[PDB]
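Data from protein_5.cif: mmCIF, N, CA and C atoms
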data_coords
loop_
_atom_site.label_atom_id
_atom_site.label_comp_id
_atom_site.auth_asym_id
_atom_site.auth_seq_id
_atom_site.Cartn_x
_atom_site.Cartn_y
_atom_site.Cartn_z
N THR A 1 35.80 34.17 99.97
CA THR A 1 37.21 34.45 100.21
C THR A 1 37.98 33.18 100.53
N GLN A 2 37.39 32.29 101.35
CA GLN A 2 38.05 31.04 101.70
C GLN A 2 38.26 30.15 100.48
N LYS A 3 37.23 30.02 99.64
CA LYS A 3 37.36 29.26 98.40
C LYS A 3 38.37 29.89 97.46
N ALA A 4 38.38 31.22 97.38
CA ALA A 4 39.33 31.92 96.51
C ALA A 4 40.77 31.72 96.97
N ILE A 5 41.02 31.86 98.28
CA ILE A 5 42.39 31.71 98.77
C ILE A 5 42.84 30.26 98.66
N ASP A 6 41.93 29.31 98.89
CA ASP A 6 42.27 27.90 98.69
C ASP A 6 42.62 27.64 97.23
N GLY A 7 41.87 28.26 96.31
CA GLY A 7 42.16 28.09 94.89
C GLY A 7 43.51 28.66 94.48
N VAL A 8 43.84 29.87 94.96
CA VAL A 8 45.09 30.47 94.50
C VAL A 8 46.29 29.78 95.14
N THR A 9 46.19 29.38 96.41
CA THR A 9 47.30 28.63 97.01
C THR A 9 47.45 27.26 96.37
N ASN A 10 46.34 26.62 95.99
CA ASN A 10 46.44 25.36 95.26
C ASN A 10 47.09 25.56 93.90
N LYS A 11 46.74 26.64 93.19
CA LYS A 11 47.34 26.94 91.90
C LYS A 11 48.84 27.19 92.03
N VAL A 12 49.24 27.97 93.04
CA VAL A 12 50.65 28.25 93.27
C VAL A 12 51.40 26.98 93.63
N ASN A 13 50.82 26.14 94.49
CA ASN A 13 51.47 24.89 94.89
C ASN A 13 51.63 23.94 93.71
N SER A 14 50.63 23.88 92.82
CA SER A 14 50.78 23.06 91.61
C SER A 14 51.81 23.65 90.66
N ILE A 15 51.99 24.98 90.68
CA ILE A 15 53.07 25.58 89.90
C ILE A 15 54.43 25.15 90.45
N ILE A 16 54.57 25.12 91.78
CA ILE A 16 55.84 24.67 92.37
C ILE A 16 56.06 23.18 92.11
N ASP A 17 55.00 22.37 92.18
CA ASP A 17 55.15 20.92 92.11
C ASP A 17 55.52 20.46 90.70
N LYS A 18 54.97 21.11 89.67
CA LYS A 18 55.24 20.71 88.30
C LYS A 18 56.64 21.08 87.83
N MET A 19 57.36 21.93 88.58
CA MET A 19 58.67 22.40 88.16
C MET A 19 59.81 21.85 89.00
N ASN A 20 59.55 20.83 89.82
CA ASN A 20 60.64 20.18 90.56
C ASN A 20 61.57 19.44 89.61
N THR A 21 61.02 18.83 88.57
CA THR A 21 61.82 18.08 87.60
C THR A 21 62.13 18.97 86.39
N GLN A 22 62.96 19.99 86.65
CA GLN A 22 63.51 20.81 85.59
C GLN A 22 64.84 20.24 85.13
N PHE A 23 65.59 21.00 84.34
CA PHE A 23 66.92 20.61 83.92
C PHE A 23 67.94 21.27 84.84
N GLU A 24 68.88 20.47 85.33
CA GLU A 24 69.98 20.95 86.16
C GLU A 24 71.26 20.88 85.35
N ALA A 25 71.91 22.02 85.17
CA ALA A 25 73.14 22.07 84.40
C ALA A 25 74.30 21.51 85.22
N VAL A 26 75.05 20.60 84.61
CA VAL A 26 76.23 20.00 85.23
C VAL A 26 77.45 20.40 84.41
N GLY A 27 78.52 20.77 85.11
CA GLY A 27 79.74 21.19 84.46
C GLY A 27 80.54 20.04 83.88
N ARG A 28 80.68 20.02 82.56
CA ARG A 28 81.50 19.05 81.85
C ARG A 28 82.60 19.77 81.09
N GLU A 29 83.81 19.22 81.15
CA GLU A 29 84.98 19.85 80.56
C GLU A 29 85.43 19.07 79.33
N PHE A 30 85.94 19.80 78.34
CA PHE A 30 86.43 19.23 77.10
C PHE A 30 87.70 19.96 76.69
N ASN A 31 88.57 19.27 75.95
CA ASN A 31 89.83 19.88 75.53
C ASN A 31 89.66 20.55 74.17
N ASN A 32 90.78 21.02 73.61
CA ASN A 32 90.75 21.84 72.41
C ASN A 32 90.44 21.06 71.14
N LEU A 33 90.62 19.74 71.14
CA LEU A 33 90.22 18.90 70.02
C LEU A 33 88.88 18.22 70.28
N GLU A 34 88.10 18.75 71.21
CA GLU A 34 86.76 18.27 71.53
C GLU A 34 85.77 19.42 71.46
N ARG A 35 85.98 20.32 70.49
CA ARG A 35 85.21 21.55 70.40
C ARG A 35 83.81 21.35 69.85
N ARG A 36 83.60 20.37 68.96
CA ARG A 36 82.25 20.04 68.50
C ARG A 36 81.38 19.49 69.61
N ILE A 37 81.92 18.58 70.41
CA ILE A 37 81.19 18.03 71.55
C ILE A 37 81.01 19.06 72.66
N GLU A 38 81.98 19.97 72.84
CA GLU A 38 81.80 21.11 73.73
C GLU A 38 80.67 22.02 73.28
N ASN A 39 80.59 22.29 71.98
CA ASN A 39 79.48 23.06 71.43
C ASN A 39 78.16 22.33 71.60
N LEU A 40 78.17 21.01 71.42
CA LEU A 40 76.97 20.20 71.62
C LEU A 40 76.48 20.29 73.06
N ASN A 41 77.40 20.19 74.02
CA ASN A 41 77.07 20.31 75.44
C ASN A 41 76.53 21.70 75.76
N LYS A 42 77.19 22.74 75.24
CA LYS A 42 76.74 24.11 75.47
C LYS A 42 75.35 24.35 74.90
N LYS A 43 75.10 23.91 73.67
CA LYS A 43 73.79 24.03 73.06
C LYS A 43 72.71 23.23 73.76
N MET A 44 73.02 22.01 74.23
CA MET A 44 72.06 21.21 74.98
C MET A 44 71.66 21.87 76.29
N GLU A 45 72.65 22.29 77.09
CA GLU A 45 72.36 22.92 78.37
C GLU A 45 71.64 24.25 78.19
N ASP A 46 72.09 25.07 77.24
CA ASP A 46 71.43 26.35 76.99
C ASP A 46 70.03 26.18 76.41
N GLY A 47 69.81 25.18 75.55
CA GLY A 47 68.48 24.93 75.04
C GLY A 47 67.51 24.47 76.10
N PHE A 48 67.96 23.59 77.00
CA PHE A 48 67.11 23.19 78.11
C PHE A 48 66.83 24.33 79.08
N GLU B 1 79.42 24.31 50.72
CA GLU B 1 80.00 23.06 50.27
C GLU B 1 78.88 22.17 49.76
N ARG B 2 79.18 21.34 48.76
CA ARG B 2 78.14 20.41 48.33
C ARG B 2 78.08 19.20 49.23
N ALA B 3 77.00 18.43 49.07
CA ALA B 3 76.80 17.25 49.90
C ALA B 3 77.87 16.19 49.63
N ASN B 4 78.18 15.96 48.35
CA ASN B 4 79.23 15.02 47.94
C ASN B 4 80.13 15.71 46.92
N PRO B 5 81.11 16.50 47.37
CA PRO B 5 82.02 17.15 46.42
C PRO B 5 82.95 16.13 45.78
N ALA B 6 83.07 16.20 44.45
CA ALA B 6 83.93 15.26 43.74
C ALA B 6 85.41 15.58 43.96
N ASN B 7 85.80 16.85 44.06
CA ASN B 7 87.23 17.24 44.21
C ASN B 7 87.60 17.43 45.69
N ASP B 8 88.14 16.39 46.33
CA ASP B 8 88.50 16.40 47.76
C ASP B 8 89.96 16.06 47.90
N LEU B 9 90.26 14.94 48.54
CA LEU B 9 91.61 14.37 48.61
C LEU B 9 91.79 13.58 47.35
N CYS B 10 92.42 14.19 46.36
CA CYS B 10 92.72 13.55 45.06
C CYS B 10 93.60 12.32 45.26
N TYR B 11 94.65 12.42 46.04
CA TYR B 11 95.45 11.25 46.41
C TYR B 11 94.72 10.67 47.61
N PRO B 12 94.44 9.36 47.61
CA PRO B 12 93.69 8.71 48.70
C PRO B 12 94.40 8.84 50.05
N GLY B 13 93.61 8.92 51.10
CA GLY B 13 94.12 9.10 52.43
C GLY B 13 93.05 9.72 53.32
N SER B 14 93.49 10.50 54.30
CA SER B 14 92.58 11.12 55.25
C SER B 14 93.18 12.43 55.72
N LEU B 15 92.32 13.29 56.26
CA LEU B 15 92.73 14.49 56.98
C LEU B 15 92.35 14.29 58.44
N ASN B 16 93.35 14.29 59.31
CA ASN B 16 93.13 14.04 60.73
C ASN B 16 92.41 15.22 61.37
N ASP B 17 91.42 14.91 62.20
CA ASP B 17 90.56 15.89 62.88
C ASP B 17 89.92 16.84 61.87
N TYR B 18 89.39 16.27 60.79
CA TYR B 18 88.83 17.05 59.70
C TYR B 18 87.55 17.78 60.11
N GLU B 19 86.70 17.14 60.89
CA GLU B 19 85.48 17.76 61.39
C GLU B 19 85.75 18.80 62.46
N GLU B 20 86.77 18.60 63.29
CA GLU B 20 87.22 19.66 64.19
C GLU B 20 87.79 20.85 63.42
N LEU B 21 88.49 20.58 62.31
CA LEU B 21 88.97 21.64 61.44
C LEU B 21 87.82 22.43 60.83
N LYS B 22 86.76 21.74 60.41
CA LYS B 22 85.61 22.43 59.84
C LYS B 22 84.82 23.19 60.91
N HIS B 23 84.78 22.66 62.13
CA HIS B 23 84.18 23.39 63.25
C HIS B 23 84.96 24.66 63.56
N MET B 24 86.29 24.61 63.48
CA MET B 24 87.08 25.82 63.65
C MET B 24 86.89 26.78 62.48
N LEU B 25 86.77 26.24 61.27
CA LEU B 25 86.48 27.01 60.06
C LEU B 25 85.15 27.74 60.10
N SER B 26 84.16 27.21 60.83
CA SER B 26 82.88 27.89 60.98
C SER B 26 82.96 29.10 61.91
N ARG B 27 84.15 29.44 62.41
CA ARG B 27 84.34 30.70 63.12
C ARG B 27 85.41 31.57 62.49
N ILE B 28 85.74 31.38 61.22
CA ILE B 28 86.75 32.15 60.51
C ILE B 28 86.11 32.74 59.27
N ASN B 29 86.30 34.04 59.05
CA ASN B 29 85.74 34.72 57.89
C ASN B 29 86.75 35.07 56.82
N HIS B 30 88.04 35.05 57.11
CA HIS B 30 89.02 35.38 56.09
C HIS B 30 90.34 34.69 56.40
N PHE B 31 90.99 34.20 55.35
CA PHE B 31 92.34 33.67 55.41
C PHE B 31 93.26 34.54 54.58
N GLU B 32 94.54 34.53 54.94
CA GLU B 32 95.59 35.05 54.08
C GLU B 32 96.63 33.96 53.88
N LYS B 33 96.71 33.44 52.66
CA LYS B 33 97.68 32.39 52.36
C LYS B 33 99.06 33.00 52.22
N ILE B 34 100.02 32.47 52.97
CA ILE B 34 101.40 32.93 52.91
C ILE B 34 102.33 31.73 52.76
N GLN B 35 103.35 31.90 51.93
CA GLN B 35 104.41 30.92 51.80
C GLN B 35 105.28 30.97 53.05
N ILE B 36 105.29 29.89 53.82
CA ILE B 36 106.07 29.86 55.06
C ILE B 36 107.41 29.18 54.80
N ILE B 37 107.41 28.17 53.94
CA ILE B 37 108.64 27.52 53.49
C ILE B 37 108.61 27.46 51.97
N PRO B 38 109.45 28.23 51.28
CA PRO B 38 109.44 28.21 49.81
C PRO B 38 109.86 26.86 49.24
N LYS B 39 109.31 26.53 48.08
CA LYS B 39 109.66 25.28 47.41
C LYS B 39 111.09 25.28 46.88
N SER B 40 111.70 26.45 46.72
CA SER B 40 113.08 26.57 46.29
C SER B 40 114.07 26.42 47.44
N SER B 41 113.58 26.17 48.65
CA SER B 41 114.42 26.04 49.83
C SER B 41 114.79 24.59 50.13
N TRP B 42 114.62 23.69 49.17
CA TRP B 42 114.98 22.28 49.31
C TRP B 42 116.06 21.97 48.27
N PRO B 43 117.33 22.26 48.57
CA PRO B 43 118.38 22.00 47.58
C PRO B 43 118.80 20.55 47.51
N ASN B 44 118.72 19.81 48.62
CA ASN B 44 119.17 18.43 48.68
C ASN B 44 118.02 17.44 48.52
N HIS B 45 116.82 17.92 48.24
CA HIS B 45 115.66 17.07 48.02
C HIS B 45 115.00 17.46 46.70
N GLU B 46 114.31 16.49 46.11
CA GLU B 46 113.62 16.69 44.85
C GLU B 46 112.21 17.20 45.10
N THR B 47 111.85 18.30 44.45
CA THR B 47 110.55 18.92 44.61
C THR B 47 109.69 18.87 43.36
N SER B 48 110.24 18.48 42.22
CA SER B 48 109.52 18.48 40.96
C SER B 48 109.01 17.11 40.55
#
So, in terms of structure tokens, how does the structure I just supplied come out?
Amino acid sequence: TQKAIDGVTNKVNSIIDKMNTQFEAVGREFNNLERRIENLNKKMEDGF
Amino acid sequence: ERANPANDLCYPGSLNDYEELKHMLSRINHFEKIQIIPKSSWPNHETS
């Protein structure tokens, strides 16, 4: 039981540790003649 | 559209914000062409 609980908590902790460097969405604004770059930003953030 | 269409701007020049226009065109499924200013409405200018 001790080895099992050490294993599962280690597995969970490595799951938390590997996901600290995810993608963070930042709000960027574009005007009406910047719609291609707005679409590019939307697709990049949504794809990540 | 073809990759290199031969029939574009017959008279040399440019279309301003042409790629933004095509980006807007990629969200339009139908046009209705309407005469907004008739060619016969220029009495003091030459149209022919």
_At a cut-off of 7 Å, which residues of chain A touch chain B? Count all atoms listed in the file and give the answer as a ChimeraX atom specification._
/A:33,35-36
*Distance of atom C of residue 47 (chain B) from atom N of residue 35 (chain B), expressed in Å to one decimal place*: 16.8 Å
*What is the CA of residue 30 (chain A)-CA of residue 42 (chain A) distance in Å, reported with one decimal?*
11.0 Å
Write out as AutoDock Vina command-line options an axis-aligned box for region 10-21 of chain B: all of its atoms listed in the file, 5 Å added on each side, centre and edge lengths in Å with one decimal.
--center_x 90.5 --center_y 15.6 --center_z 54.6 --size_x 20.0 --size_y 23.7 --size_z 29.1
*Would you give me, as an NGL selection string, the residues in region 3-43 of chain B that DSSP reads as helix (DSSP H, G or I)?*
:B and (18-25 or 39-41)
*asked:* If I take atom N of residue 26 (chain A) and atom C of residue 16 (chain B), how far is one from the other in Å, to one decimal?
replied: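 Interatomic distance, atom N of residue 26 (chain A) to atom C of residue 16 (chain B): 29.5 Å.
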_Hits of the PyMOL selection byres (((chain A and resi 27 and name CA) around 12) and name CA) in this structure, as a ChimeraX atom specification_ = /A:24-26,28-30,38,41-42,45
For region 1-12 of chain A of the block above, can you save N, CA, C and O atoms as an mmCIF file, in the first residue's frame?
data_model
loop_
_atom_site.group_PDB
_atom_site.id
_atom_site.type_symbol
_atom_site.label_atom_id
_atom_site.label_comp_id
_atom_site.auth_asym_id
_atom_site.auth_seq_id
_atom_site.Cartn_x
_atom_site.Cartn_y
_atom_site.Cartn_z
ATOM 1 N N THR A 1 0.822 -1.203 0.000
ATOM 2 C CA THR A 1 0.000 0.000 0.000
ATOM 3 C C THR A 1 0.858 1.256 0.000
ATOM 4 O O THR A 1 0.539 2.227 -0.689
ATOM 5 N N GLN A 2 1.943 1.259 0.781
ATOM 6 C CA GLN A 2 2.836 2.413 0.830
ATOM 7 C C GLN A 2 3.492 2.668 -0.524
ATOM 8 O O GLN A 2 3.533 3.809 -1.002
ATOM 9 N N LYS A 3 3.995 1.606 -1.162
ATOM 10 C CA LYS A 3 4.578 1.738 -2.492
ATOM 11 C C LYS A 3 3.541 2.181 -3.515
ATOM 12 O O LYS A 3 3.834 3.021 -4.374
ATOM 13 N N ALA A 4 2.316 1.654 -3.414
ATOM 14 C CA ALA A 4 1.249 2.031 -4.336
ATOM 15 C C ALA A 4 0.865 3.498 -4.188
ATOM 16 O O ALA A 4 0.714 4.210 -5.190
ATOM 17 N N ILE A 5 0.693 3.969 -2.946
ATOM 18 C CA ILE A 5 0.296 5.358 -2.741
ATOM 19 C C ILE A 5 1.425 6.298 -3.132
ATOM 20 O O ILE A 5 1.174 7.353 -3.726
ATOM 21 N N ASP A 6 2.681 5.913 -2.871
ATOM 22 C CA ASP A 6 3.810 6.716 -3.328
ATOM 23 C C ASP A 6 3.836 6.798 -4.849
ATOM 24 O O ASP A 6 4.070 7.872 -5.417
ATOM 25 N N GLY A 7 3.533 5.681 -5.518
ATOM 26 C CA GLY A 7 3.491 5.679 -6.971
ATOM 27 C C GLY A 7 2.401 6.569 -7.543
ATOM 28 O O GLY A 7 2.641 7.321 -8.491
ATOM 29 N N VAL A 8 1.190 6.504 -6.978
ATOM 30 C CA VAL A 8 0.103 7.281 -7.574
ATOM 31 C C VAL A 8 0.271 8.767 -7.276
ATOM 32 O O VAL A 8 -0.027 9.610 -8.129
ATOM 33 N N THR A 9 0.740 9.124 -6.072
ATOM 34 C CA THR A 9 0.998 10.540 -5.804
ATOM 35 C C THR A 9 2.154 11.068 -6.644
ATOM 36 O O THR A 9 2.120 12.216 -7.097
ATOM 37 N N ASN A 10 3.174 10.238 -6.891
ATOM 38 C CA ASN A 10 4.244 10.645 -7.793
ATOM 39 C C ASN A 10 3.728 10.844 -9.215
ATOM 40 O O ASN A 10 4.102 11.813 -9.884
ATOM 41 N N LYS A 11 2.854 9.947 -9.681
ATOM 42 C CA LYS A 11 2.267 10.075 -11.012
ATOM 43 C C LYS A 11 1.434 11.347 -11.130
ATOM 44 O O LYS A 11 1.555 12.095 -12.109
ATOM 45 N N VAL A 12 0.604 11.622 -10.118
ATOM 46 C CA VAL A 12 -0.222 12.828 -10.121
ATOM 47 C C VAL A 12 0.650 14.078 -10.088
ATOM 48 O O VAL A 12 0.407 15.032 -10.835
#
